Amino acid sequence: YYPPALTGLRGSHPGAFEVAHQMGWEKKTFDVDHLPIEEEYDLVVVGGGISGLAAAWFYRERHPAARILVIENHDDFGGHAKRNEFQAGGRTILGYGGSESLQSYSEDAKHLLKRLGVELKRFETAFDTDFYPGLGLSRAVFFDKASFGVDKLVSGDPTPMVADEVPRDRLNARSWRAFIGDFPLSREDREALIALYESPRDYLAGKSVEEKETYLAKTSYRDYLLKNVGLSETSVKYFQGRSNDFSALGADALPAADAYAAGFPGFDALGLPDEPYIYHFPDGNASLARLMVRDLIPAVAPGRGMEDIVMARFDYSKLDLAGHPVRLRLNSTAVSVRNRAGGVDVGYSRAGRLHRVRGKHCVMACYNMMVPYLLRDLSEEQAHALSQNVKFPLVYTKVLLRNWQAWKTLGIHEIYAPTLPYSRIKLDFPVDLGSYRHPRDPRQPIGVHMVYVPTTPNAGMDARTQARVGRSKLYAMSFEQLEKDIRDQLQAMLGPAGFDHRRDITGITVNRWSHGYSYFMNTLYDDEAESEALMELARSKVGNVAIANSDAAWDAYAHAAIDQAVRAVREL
């Protein structure tokens, strides 16, 4: 029993969500008040992600002898932080199923990393930052026939990005004029894009700095480019999907002020008033989850420290052993949380069967939108606040390739596709850590990472609706349909250099994050003071039940997941 080696439809896989959807969609309720209490703990944690795991860890630090149960509905621990594995040519090749890297922090977060043996500066040498640039490789843009008239792959992209692992002097980029000159657009559209970089103008002339800023927070980037810079509808399509990965929506939902702060073009002349993105374990932040699980339940794997975790062998049969004071219980959907007698009764469903356990304390570390269906003591106001945290769907696909000669031939290590389902397609980060060595030889297998976000661009939707509609679209897609999109797009982009998707793909893992990033405050649709009041109301302590998850901070980062766990534990 070893989830990390599974391929196919992963992420929120079949079996993880059905009981939750009976509560959320059908309003079925699962009461356990008539069942005997089976087990008793000091702390019961709902949700086995980084935040739930952190809550167990900090609670135990404060209560060394604590008995702790973690209830988790996926078939593996870690939530968004999942380890993916491939086998090729005798060796394991690692990938990240979701939460990707760390930055370089509260004292509590520092204290957690140190106690786990995570030295952040180790990545200065573990991340092979000059590997792809040293091979002469650059980032490219892929234009699709349907949108631009013809398929064209344009390399040498100098566009600077928010979470950039490439040293800026090492982009192997061309000039804006040279690079844009190759765009499959009319001469007029190319001149207009080029002038965007070569000859910025004050497109908001007349307005003071304060009025410009107000305007930019209430105007989408797309509209700013359309109405103020004057780019054509065909030009702006170049920008449509650039924000898909880091914000979970396209340029039509990106506030222009947020585009400015992300380094997007168009603002240099308005008169308005970086760190290497290399903190990446070979399986992403699943290492952080695995680190905590081993530290919490030492029978699961041997060793200690950030080096040997990478290839440590986890025995899942040791996760949920009684007597062991910390127990992690997978494939288990919590359905009921109720204060009683200075304790908390927790009900969960497992293989269709209901169970009841007790803790003195409870931390709700699951999706915040799930909490109203579980916590029976919520006022209507707080339940409603919780339900306003509408999470964004994302899909992170791992693809194993026989070789990557087609990438070498095309001179690329990463593609941006403005309008296709997958907007980000890249050879995986080259990272050597512990006994794991990143693939090096283009004749040999390598992992590809690629990001698909089911946005509905230019429809007039607010962000919450784009999120919910995105989930409807994902729900309506079989694994077969997802696989076709992968193979169709890889074939169209790499086909010209000899790629053959049927011959050259030797593994596919689709991590379906239907409930991906936490909601965050979007100044195009939300009022800041109202949004903050909703946030603080939603995470309010309820008796002996505290609420965590990154959701509780409206902030989709592993460090928010840790700090919300810390706050929750201290309240208890």
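Residue indices: 1-based, along the sequence shown.
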query	finding
Between residue 273 and residue 274 - deposited residues without coordinates, as a size class	10 or more
Residues of the deposited sequence that sit between residue 105 and residue 104 yet are not modelled	4 to 9
41-49 versus 529-537 - greater average Cα B-factor per the deposited record	529-537
Stretch with the greater mean C-alpha B-factor as recorded in the entry, comparing 246-254 against 145-153	145-153
Most elevated Cα B-factor in the entry, residues 381, 75, 130, 462	130
Residue selected from 98, 323, 418, 447 by maximal Cα B factor	323
Ranked against its chain, the third holding the CA B-factor of residue 392	lowest
B-factor third for the C-alpha atom of residue 502 within its chain	highest
Third assignment of residue 302 from its chain's C-alpha B-factors	middle
Relative C-alpha B-factor of residue 6, binned into the chain's lowest, middle or highest third	highest
B-factor third for the C-alpha atom of residue 359 within its chain	lowest
